[PDB]
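Here we start with a single chain on its own, the form deposited in one PDB entry, put down as structure tokens.
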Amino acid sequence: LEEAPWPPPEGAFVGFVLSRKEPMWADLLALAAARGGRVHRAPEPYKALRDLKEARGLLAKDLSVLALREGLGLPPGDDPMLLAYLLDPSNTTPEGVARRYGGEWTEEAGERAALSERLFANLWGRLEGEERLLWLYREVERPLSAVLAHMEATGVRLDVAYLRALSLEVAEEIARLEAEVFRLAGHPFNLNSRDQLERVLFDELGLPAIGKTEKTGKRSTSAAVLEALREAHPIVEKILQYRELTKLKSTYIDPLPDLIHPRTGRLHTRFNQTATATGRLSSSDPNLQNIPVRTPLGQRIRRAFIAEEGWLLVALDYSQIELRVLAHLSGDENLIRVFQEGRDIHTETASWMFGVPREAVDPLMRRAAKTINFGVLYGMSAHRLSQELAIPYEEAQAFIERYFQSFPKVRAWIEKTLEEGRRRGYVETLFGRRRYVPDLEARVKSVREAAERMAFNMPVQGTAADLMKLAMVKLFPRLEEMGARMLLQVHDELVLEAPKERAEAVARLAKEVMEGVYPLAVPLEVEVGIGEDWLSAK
């Protein structure tokens, strides 16, 4: 293009280069803008941010987050990544999008600015006539990008000293287990190396191998294999406890305290908006969507996520969300009635599994019932179900048989979804979000049936993800007017931060917004809690 002087006219597309992927930690190396067949390159990128009224272009949110870090309100606008993502959610990176729609993603701000301009023109053209995708763009994704930027720049408070203390405690317990594993094995080795562990269990000891690994065909040492050997030899039990502790220490307890930001004093994740095949968000650097919650030690870790002094955390989580979505998408009269009566299938399955009254279902039990209910739903095999529940094969077929005959319209919707996917090549959510699934007519059975399971899962998971995104878009401005903050999204859950004297009002309002976001044929029910820490608030 023709090189013009900074600043650019209003409505220009931005290009920028960061020292590293994380916007809260990145040095803004370069900044440029393109419009009207010209390119503007900024002499000093930080100063030049003040001139922009809007971040418009590829990865707009990332630049908006960095502007918020500097005390500038530079909201993100159009982003060709979002247009490409709605056209085909396999469009996840600028490298691919550029190569697919008319450019090349380089490492220079000016070229990235001119690329953003061209890619928006072409992609906006590809979307002419796709009115449902355009609705999702204007009413969900583009406004959501602004919400995410604020969430990323706000961060979450963490009890650092608490986790440091915990690390030393967990370390001592790890050494006790390690020392005994070595004693039973008769010698020491790297207990973290699954290759070395394989030899010990299956060659040195006489333990039988139950399964092989996918890519390399080694004898597996996964938890499911060890649980099957848990009493065939004691050492296994110690290995399972070792694995749990080292997993939590190396993934959460030790890395997280070192990631507190110096200006904010808080922990900052990234909410990736074009990263999944179903329309879900993802979280990275660090992932705050997989913080432990299941085991007693996991809960000690979750307690480290706390509220600023004078504030409280508010946590909202949809009830049995993808089951309610299934009722609406399938139109099953039997299943609709289950939620109109305020029933809970996870609690029911839990009582069934454990042979105890519903009043005796602890959280750990209901947690296991969810894997069953969603495993069966999305196609688990009878044999595996028998092994997961330690019951004969015949009883497992019957559970799967009962499960689906209770709701006949479900398998009819599954088959309808698959037929539509084979005709058009894609499946879609309630709002029209698409996932292309071409393997539905593959001649290899395993490849075909895998595609099938991915195919009819996406409309359910994706619709639930659509609803949450829409709720976040509606809820955010209401929270600003109350002086509250939106902190995290965990697929079907939101964590907020609110002043203590407005905490109760915020919880009531957020609950209502999330439940009436988009009424379905079944009521959406939301559980909400308030506490000084993330665990207390659920």
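Sequential numbering from 1, following the sequence displayed.
Judged by mean Cα B factor in the deposited record, 500-508 ranks above the other of 500-508 and 468-476.
Here the stretch with the larger average CA B-factor, out of 336-344 and 375-383, is 336-344. When the Cα B-factors of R485, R38, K61, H491 are read from the PDB record, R38 comes out highest. You'll see in the entry that, of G298, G279, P94, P208, the Cα B factor peaks at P208.
Ranked within its chain, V517 lands in the middle third, by CA B factor from the PDB record.
When the CA B factors of the chain's modelled residues are split into thirds, the value for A455 lands in the middle one. Among the modelled residues of its chain, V361 has a C-alpha B-factor that falls in the highest third, as given in the PDB entry. Among the modelled residues of the chain, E10 sits in the highest third by CA temperature factor in this PDB entry. Among the modelled residues of its chain, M24 has a C-alpha B-factor that falls in the lowest third according to the deposited record.
Below, we turn to the form deposited in another entry, even though it does not appear here.
Relative to the rigid parts that move between the shown form and the other one, the hinge contains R343, whereas the other entries in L68, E139, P477, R343 stay over 12 positions from any hinge.
In the other form, the Cα-Cα separation between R366 and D492 grows by 3 Å or more relative to the displayed conformation. Put simply, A510 and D362 spread apart in the other form: their C-alpha atoms are 3 Å or more farther than in the form shown.
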